[PDB]
Amino acid sequence: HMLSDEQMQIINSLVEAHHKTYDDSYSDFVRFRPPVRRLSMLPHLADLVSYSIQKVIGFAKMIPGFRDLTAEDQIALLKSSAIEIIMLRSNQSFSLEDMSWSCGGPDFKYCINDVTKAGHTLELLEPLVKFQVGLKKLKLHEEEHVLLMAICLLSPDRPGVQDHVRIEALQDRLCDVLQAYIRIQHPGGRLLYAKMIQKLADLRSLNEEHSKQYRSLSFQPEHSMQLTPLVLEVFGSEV
Amino acid sequence: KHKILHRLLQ
Ligand SMILES: C=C1/C(=C\C=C2/CCC[C@]3(C)[C@@H]([C@H](C)CC#C[Si](C)(C)C(C)(C)C)CC[C@@H]23)C[C@@H](O)C[C@@H]1O
């Protein structure tokens with residue numbers, strides 16, 4: 001009926017890790033190659049994604065126990081979850097009012113059309129936007145948002161993980177935190193765990209489609225040359 | 001391999 005000391009500690013360091021890697025001022029965005037509105041927006045969104053990958057790596061290194069996995073597992077976890085964690089963390093700038101991601105100025109407001117001009121087809125965008133709204137409607141507590149990103153990152157069922165048992169144990173402890181938090185701390189949350197765990201299933205499908213689209217870009221050098229080294233390493237198929 | 005990721009992972 002009450003979170004343990006060990007639970008509240010996990011939550012505190014998860015929240016702090018997030019606050020240290022997500023800057024609500026978005027002032028770093030002015031350093032990206034500017035947005036243009038052929039593929040006008042691929043330079044700017046490639047930089048947005050590359051920069052966000054670095055933040056996600058930074059968050060991951062502060063998840064309890066992630067750092068004590070092998071470097072091989074850390075990479076395996078990161079290479080397969082980065083795009084999902086980006087999709088999750090982006091919900092913090094998504095607006096149901098605008099149906100867009102609003103990051104400061106009108107120059108870093110990303111419409112659906114902005115993302116088609118970076119290569120995406122509506123068969124990736126339609127479920128991406130649908131996913132942001134259902135997640136936004138979930139009205140998650142900050143504690144929950146961060147738990148969910150950490151649970152997503154610590155999935156043992158990803159291509160290439162080795163110490164499967166250890167990652168599952170980490171992820172199990174985080175789920176128990178999440179369930180306890182929702183029960184104790186979230187009025188009317190009796191249905192919320194299930195909804196959140198469904199959002200993880202949605203992220204897998206988004207991952208699948210998105211990784212197909214990545215493949216078609218990366219096979220055209222005139223577009224892959226517009227990506228960043230971090231992006232190509234992380235979304236690339238090297239093992 | 002994963003030169004940047006290793007570095008970033010410290
Ligand atoms: C990134 C974040 C933010 C917004 C996220 C957005 C809006 C722009 C388009 C993005 C990036 C999608 C797009 C489909 C991702 C992709 C791809 Si891709 C491998 C085919 C390519 C184009 C080469 C990068 C996925 C998430 C989308 C802002 C802030 O909330 C921080 C957060 O971190």
# chains A, B, ... in the order shown; residues from 1 in each chain; ligands from 1
>>> select_by_dssp(residues="stretch 45-119 of chain A", states="alpha helix (DSSP H)", output="JSON, numbers by chain")
{"A": [45, 46, 47, 48, 49, 50, 51, 52, 53, 54, 55, 56, 57, 58, 59, 60, 71, 72, 73, 74, 75, 76, 77, 78, 79, 80, 81, 82, 83, 84, 85, 86, 87, 88, 89, 112, 113, 114, 115, 116]}
>>> residues_near_ligand(ligand="ligand 1", cutoff="7 Å", atoms="only C-alpha atoms and all ligand atoms", output="PyMOL selection string")
chain A and resi 42+45-46+48-49+52+83+86-87+89-94+101+103+110+115+118-120+125+210-211+213-214+217+227+235
>>> closest_residue(among="A:197, A:36, A:15, A:57", to="chain B", atoms="only C-alpha atoms")
A:57
>>> select_by_dssp(residues="stretch 59-231 of chain A", states="strand (DSSP E or B)", output="list in words")
residues 94, 95, 100, 101, 102, 109 and 110 of chain A
>>> residues_around(residues="residue A:158", least_positions_apart="5", cutoff="9 Å", atoms="only C-alpha atoms", output="ChimeraX atom specification")
/A:76-77,80-81
>>> write_last_selection(atoms="N, CA, C and O atoms", output="compact mmCIF listing (two decimals), in the first residue's frame")
# COMPACT_ATOMS: atom_id res chain seq x y z
N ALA A 76 23.50 -3.06 -27.71
CA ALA A 76 22.36 -3.82 -28.19
C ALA A 76 21.04 -3.22 -27.69
O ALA A 76 20.11 -3.00 -28.47
N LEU A 77 20.95 -2.92 -26.39
CA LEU A 77 19.75 -2.24 -25.89
C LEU A 77 19.55 -0.92 -26.61
O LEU A 77 18.44 -0.60 -27.06
N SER A 80 18.56 -1.06 -30.49
CA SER A 80 17.17 -1.41 -30.81
C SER A 80 16.11 -0.50 -30.16
O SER A 80 15.03 -0.34 -30.74
N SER A 81 16.36 0.16 -29.03
CA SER A 81 15.29 0.97 -28.43
C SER A 81 15.37 2.47 -28.74
O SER A 81 14.37 3.18 -28.49
>>> interface_residues(of="chain A", to="chain B", cutoff="7 Å", atoms="only C-alpha atoms", output="list in words")
residues 75, 230 and 233 of chain A
>>> residues_around(residues="residue A:201", least_positions_apart="5", cutoff="12 Å", atoms="only C-alpha atoms", output="PDB file with C-alpha atoms, in the first residue's frame")
ATOM      1  CA  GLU A  84      11.210   4.051 -29.465  1.00  0.00           C
ATOM      2  CA  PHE A 131       0.440   6.985 -30.910  1.00  0.00           C
ATOM      3  CA  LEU A 148       8.035   3.713 -19.158  1.00  0.00           C
ATOM      4  CA  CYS A 152      11.294   0.217 -22.834  1.00  0.00           C
ATOM      5  CA  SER A 155      13.565  -4.886 -22.651  1.00  0.00           C
ATOM      6  CA  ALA A 194      -2.229  -2.111 -18.990  1.00  0.00           C
ATOM      7  CA  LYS A 195      -2.615   0.951 -21.249  1.00  0.00           C
ATOM      8  CA  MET A 196       1.046   1.793 -20.766  1.00  0.00           C
ATOM      9  CA  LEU A 206       6.419   1.794 -34.954  1.00  0.00           C
ATOM     10  CA  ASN A 207       9.977   0.527 -34.646  1.00  0.00           C
ATOM     11  CA  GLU A 208       9.346  -2.063 -37.340  1.00  0.00           C
TER      12      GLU A 208
END
>>> residues_around(residues="residue A:237", least_positions_apart="4", cutoff="10 Å", atoms="only C-alpha atoms", output="PDB file with N, CA, C and O atoms, in the first residue's frame")
ATOM      1  N   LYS A  79      20.823   0.287 -29.556  1.00  0.00           N
ATOM      2  CA  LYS A  79      20.575   0.248 -30.997  1.00  0.00           C
ATOM      3  C   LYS A  79      19.130  -0.160 -31.288  1.00  0.00           C
ATOM      4  O   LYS A  79      18.491   0.371 -32.211  1.00  0.00           O
ATOM      5  N   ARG A 215      15.818   1.869 -43.845  1.00  0.00           N
ATOM      6  CA  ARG A 215      16.574   1.068 -44.787  1.00  0.00           C
ATOM      7  C   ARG A 215      16.507   1.691 -46.171  1.00  0.00           C
ATOM      8  O   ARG A 215      17.498   1.711 -46.898  1.00  0.00           O
ATOM      9  N   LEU A 232      23.898   6.900 -38.317  1.00  0.00           N
ATOM     10  CA  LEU A 232      24.236   5.742 -39.143  1.00  0.00           C
ATOM     11  C   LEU A 232      24.775   4.594 -38.300  1.00  0.00           C
ATOM     12  O   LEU A 232      24.559   3.416 -38.621  1.00  0.00           O
ATOM     13  N   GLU A 233      25.538   4.915 -37.260  1.00  0.00           N
ATOM     14  CA  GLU A 233      26.042   3.870 -36.389  1.00  0.00           C
ATOM     15  C   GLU A 233      24.907   3.219 -35.610  1.00  0.00           C
ATOM     16  O   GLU A 233      24.803   1.980 -35.545  1.00  0.00           O
TER      17      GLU A 233
END
>>> residues_around(residues="residue A:104", least_positions_apart="5", cutoff="9 Å", atoms="only C-alpha atoms", output="PyMOL selection string")
chain A and resi 24-27+109
>>> atom_distance(atom1="atom CA of residue A:107", atom2="atom CA of residue A:39")
16.7 Å
>>> closest_residue(among="A:202, A:28, A:47, A:222", to="residue A:130", atoms="only C-alpha atoms")
A:202
>>> decode(residues="stretch 35-135 of chain A", atoms="C-alpha atoms", output="CSV table (one decimal), in the first residue's frame")
chain,number,residue,atom,x,y,z
A,35,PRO,CA,14.7,23.4,-41.2
A,36,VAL,CA,13.5,23.9,-44.8
A,37,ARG,CA,9.9,23.8,-46.1
A,38,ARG,CA,13.5,16.5,-52.8
A,39,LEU,CA,13.6,16.1,-48.9
A,40,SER,CA,13.9,19.6,-47.5
A,41,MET,CA,13.6,18.7,-43.8
A,42,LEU,CA,16.0,15.6,-43.6
A,43,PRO,CA,19.1,17.7,-42.7
A,44,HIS,CA,17.3,19.3,-39.7
A,45,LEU,CA,15.4,16.2,-38.5
A,46,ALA,CA,18.5,14.1,-38.9
A,47,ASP,CA,20.2,16.5,-36.5
A,48,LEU,CA,17.2,16.5,-34.2
A,49,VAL,CA,17.3,12.7,-34.1
A,50,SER,CA,21.1,12.6,-33.7
A,51,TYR,CA,21.0,15.1,-30.8
A,52,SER,CA,18.1,13.1,-29.2
A,53,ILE,CA,20.1,9.8,-29.5
A,54,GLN,CA,22.8,11.4,-27.4
A,55,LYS,CA,20.3,12.5,-24.8
A,56,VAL,CA,18.8,9.0,-24.7
A,57,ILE,CA,22.3,7.5,-24.2
A,58,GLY,CA,22.8,10.0,-21.4
A,59,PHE,CA,19.5,9.0,-19.8
A,60,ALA,CA,20.3,5.3,-20.2
A,61,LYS,CA,23.7,5.6,-18.4
A,62,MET,CA,21.8,6.9,-15.3
A,63,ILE,CA,19.2,4.1,-15.2
A,64,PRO,CA,20.0,1.9,-12.1
A,65,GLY,CA,22.1,-1.0,-13.4
A,66,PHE,CA,22.2,-0.2,-17.1
A,67,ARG,CA,25.8,0.9,-16.7
A,68,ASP,CA,26.7,-2.4,-15.1
A,69,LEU,CA,25.6,-4.4,-18.1
A,70,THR,CA,28.3,-5.3,-20.6
A,71,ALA,CA,29.1,-2.6,-23.1
A,72,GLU,CA,27.9,-5.1,-25.8
A,73,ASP,CA,24.4,-5.3,-24.1
A,74,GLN,CA,24.3,-1.5,-23.6
A,75,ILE,CA,24.8,-1.1,-27.3
A,76,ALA,CA,22.4,-3.8,-28.2
A,77,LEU,CA,19.7,-2.2,-25.9
A,78,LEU,CA,20.5,1.2,-27.3
A,79,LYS,CA,20.6,0.2,-31.0
A,80,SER,CA,17.2,-1.4,-30.8
A,81,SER,CA,15.3,1.0,-28.4
A,82,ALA,CA,16.7,4.4,-29.4
A,83,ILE,CA,14.0,5.2,-31.9
A,84,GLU,CA,11.2,4.1,-29.5
A,85,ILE,CA,12.7,6.1,-26.6
A,86,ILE,CA,12.8,9.1,-29.0
A,87,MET,CA,9.2,8.5,-29.9
A,88,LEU,CA,8.2,8.3,-26.2
A,89,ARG,CA,10.3,11.3,-25.0
A,90,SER,CA,9.0,13.4,-27.9
A,91,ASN,CA,5.5,13.2,-26.3
A,92,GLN,CA,6.7,16.0,-23.9
A,93,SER,CA,6.7,18.5,-26.9
A,94,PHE,CA,3.7,17.0,-28.7
A,95,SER,CA,0.5,19.1,-28.5
A,96,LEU,CA,-3.0,17.7,-29.0
A,97,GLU,CA,-4.1,21.3,-29.7
A,98,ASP,CA,-1.6,21.7,-32.7
A,99,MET,CA,-1.3,17.9,-33.5
A,100,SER,CA,2.4,18.7,-33.7
A,101,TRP,CA,5.6,18.7,-31.8
A,102,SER,CA,6.1,22.3,-30.6
A,103,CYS,CA,9.7,23.0,-29.6
A,104,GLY,CA,10.1,26.7,-28.8
A,105,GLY,CA,9.7,28.9,-31.9
A,106,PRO,CA,7.5,28.4,-34.9
A,107,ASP,CA,10.7,27.2,-36.7
A,108,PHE,CA,11.0,24.2,-34.5
A,109,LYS,CA,7.3,23.4,-34.7
A,110,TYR,CA,7.1,20.1,-36.5
A,111,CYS,CA,3.9,19.4,-38.4
A,112,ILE,CA,3.1,16.1,-40.1
A,113,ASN,CA,4.0,17.7,-43.4
A,114,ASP,CA,7.4,18.7,-42.0
A,115,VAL,CA,8.1,14.9,-41.4
A,116,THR,CA,7.0,13.9,-44.9
A,117,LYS,CA,9.6,16.3,-46.2
A,118,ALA,CA,12.2,14.2,-44.4
A,119,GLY,CA,11.2,11.1,-46.4
A,120,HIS,CA,8.4,9.6,-44.2
A,121,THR,CA,5.3,8.0,-45.7
A,122,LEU,CA,1.9,8.3,-44.0
A,123,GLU,CA,2.1,4.6,-43.3
A,124,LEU,CA,4.8,5.5,-40.7
A,125,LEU,CA,3.3,8.9,-39.8
A,126,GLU,CA,-0.4,7.9,-39.3
A,127,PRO,CA,0.4,5.5,-36.5
A,128,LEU,CA,3.1,7.7,-35.1
A,129,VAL,CA,0.7,10.6,-34.7
A,130,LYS,CA,-2.1,8.3,-33.5
A,131,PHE,CA,0.4,7.0,-30.9
A,132,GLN,CA,1.3,10.5,-29.6
A,133,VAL,CA,-2.3,11.3,-29.0
A,134,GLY,CA,-3.2,8.1,-27.1
A,135,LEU,CA,-0.1,8.5,-25.0
